[PDB]
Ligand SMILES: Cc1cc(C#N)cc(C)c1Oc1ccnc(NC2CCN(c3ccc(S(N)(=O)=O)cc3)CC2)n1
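Take a look at this single chain in structure tokens; it is the form solved without this ligand.
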């Protein structure tokens, strides 16, 4: 039937009209499925025949479902959607099985033809007109209208509110029309409460077809198989193609990111880098060696059998993080040592230049908010970073940074700062005054240094910038200095980059600089204002300025 829930008033956007789009041709099977659906819906009052009084019309089609002969009826409401008012979506996220608590008794139900059981605002029905190659309009929520998801989710919440207020201690996970129902009742009393819920829903116009009423484990729910004390993800099938396109890669990486929620160790950096500056989905990208290797390792990982567990709120949440190369991290969230609640990967590249401690901090942050969503609390961390590493970094880093309650874990690769700037200048070590200059018009530059021991060098550069020349001067000093060196720059740009202690850059030049910095025993970097006549800096400025 049709739900006696009050309708939700919806308007068009300020000063607009309904759709006036002509139908397209449909197949014989599509037309037969549509006509059967439409006469059946017209009997039930979900669609009302219309005549000349309706100007509007918009196209209509159907698609085969995951069930065999059932066709899903769809409307191309793109024009109406454009003209329809804005909604606040109420579906704030996706429930996750690691967030479920153990229940004595579990049921999974689906509401049949759910959208088509919720009445549409009477004023708005006319903009929903469509023809079949017979003219109807929608009296219930149509599929393809942008307002249907949120209106249904809200209406479903309203419909469940009295059952939830009457059964506060029965947990009903309500994704769109799919219900998971958990209770601490013995199976018989639970089944009675489920009959109560189905009668309640039907009272509110929602039928729960018995074909989609799962009574025994495993439960199929939200892409998962829920067992009594463990859950798994329904199988994943990565393509086994030979010629990979941008679309093939997007599919591969999407399935891999989905797998990473329970499969530990998934890496997609190299497959993702493979997409930079693409033209179109149809373009064939050749698999680089590193992406080939990474995909092989992922395949191996996926061949293993794996499961998550359910959340026990009387215990601690623990998250352990491991580093893979190239700014990639995986994590396992568990409560008992070898029983993952779930897993994950953090691999986002923030910033031109960064290091492993920043990356670890932002992995900790991502995991923290993800845990707050799924479990409502922060986890305790196990990290491969010595407390002294962290202490050093938090001491000397100019930004406010913090990692919640954590404990060191001795599984390499440990996270470390790869070099350390001197807080004071080095006695005896040679002192390099470095500078760069670039010609904005010609893009020719010079980088170079003088030294207190009387050395001076200028390197000319083509197609360069001021910042690049300042860096090239620092890099040139690192090259020509010995294991200990003082360097004076007039470039707060390069100073900020190098003080930040990066171990990785997207700039080849900053990486060469980094390699140099790692090779040195002691390095002191000092800053002075440019063009103020300051002693060593003045001579370098005069040297690198000659071309400009």
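Residue numbers count along the first chain shown, from 1.
The protein also exists as the form solved in complex with this ligand; that form is not presented, and the subsequent description refers to it.
Asks: How does the site look for this ligand after superposition from its pose in the deposited bound form: open, or blocked with 3 or more ligand atoms within 2.4 Å of a backbone or C-beta atom?
Replies: Blocked, since after superposition 3 or more atoms of the placed ligand lie within 2.4 Å of the backbone or C-beta atoms.
Asks: Going by heavy atom distances of 4.5 angstroms or less, which of 425, 265, 228, 205 would be at the interface with this ligand in the deposited bound form?
Replies: Partner contact (heavy atom, 4.5 Å) among the options: 228.
Asks: Among 147, 344, 119, 182, which has any heavy atom within 4.5 Å of this ligand in the deposited bound form?
Replies: Comparing distances to this ligand in the deposited bound form, the residue within 4.5 Å is 182.
Asks: For this ligand, considered in the deposited bound form: do all three of 327, 349 and 415 come within 4.5 Å of it, counting heavy atoms only?
Replies: So, no: the whole triplet misses this ligand.
Asks: Looking at 279 to 287, 456 to 464, 98 to 106, 355 to 363, which one sits within 4.5 Å of this ligand in the deposited bound form if you count heavy atoms only?
Replies: Among the listed stretches, the partner-contacting one is 98 to 106.
Asks: Even though the partner isn't displayed, in the deposited bound form is residue 397 close enough to this ligand, meaning a heavy atom within 4.5 Å?
Replies: Contact check for residue 397: no, nothing within 4.5 Å of this ligand in the deposited bound form.
Asks: Is residue 171 a contact residue for this ligand in the deposited bound form, using a 4.5 Å heavy atom cut-off?
Replies: It does: once this ligand is placed as it appears in the deposited bound form, residue 171 has a heavy atom within 4.5 Å of it.
Asks: Could you tell me if residue 390 has a non-hydrogen atom within 4.5 Å of this ligand in the deposited bound form?
Replies: Looking in the deposited bound form, residue contacts with this ligand do not include residue 390, since no heavy atom lies within 4.5 Å.
Asks: So in the deposited bound form, does residue 381 come within 4.5 Å of this ligand, heavy atom to heavy atom?
Replies: Contact check for residue 381: no, nothing within 4.5 Å of this ligand in the deposited bound form.
Asks: Just to make sure I understand: among 490 to 522, which residues lie within 4.5 Å of this ligand in the deposited bound form, judging by heavy atoms?
Replies: Contacting residues: none.
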